[PDB]
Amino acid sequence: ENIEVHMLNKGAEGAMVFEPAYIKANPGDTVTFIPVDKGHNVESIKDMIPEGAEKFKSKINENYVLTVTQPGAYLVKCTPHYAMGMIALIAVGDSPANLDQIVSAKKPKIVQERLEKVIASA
């Protein structure tokens, strides 16, 4: 199964967002990041991907297809815009073992607010 994600300068949540910012997936699913607006990419945040997942980072403005294998939570950011709160949370499988850790991890305040919201909403 594939889930399309748009990288936008403006969305329901404000400036610099991923839509959806919450992706529920299963091992083997693919997540396609589409740069609706230019200037975006997708990058795994260090220590915010599950044990054993491979780190990734797409090139600015390219359509990136992520294959998710390892269950757990993945916090991804848009490199240039992370500080402006551009992140998405990918939850692979049930009860991501590393979700409390990601929630607790050091990250920008805006990031934290958006994270809390996406999670609250799931």
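One rule holds for the numbers: they count along the sequence shown, beginning at 1.
Colleague: Which wins on mean Cα temperature factor, 37 to 45 or 70 to 78?
Modeller: Averaging CA B-factors over each stretch, the winner is 37 to 45.
Colleague: When the C-alpha temperature factors are averaged for each of 85 to 93 and 51 to 59, which stretch ends up with the higher value in the entry?
Modeller: Mean CA B-factor is higher for 51 to 59.
Colleague: Based on the entry's values, in what third of the chain does the Cα temperature factor of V118 lie: lowest, middle or highest?
Modeller: Ranked within chain, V118 CA B lands in the highest tercile.
Colleague: Among the modelled residues of this chain, does the Cα B factor of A15 put it in the lowest, middle or highest third?
Modeller: Middle third.
Colleague: State the tercile, meaning the lowest, middle or highest third, of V111 with respect to the CA B-factors recorded for its chain.
Modeller: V111: CA B-factor falls in the middle third of its chain.
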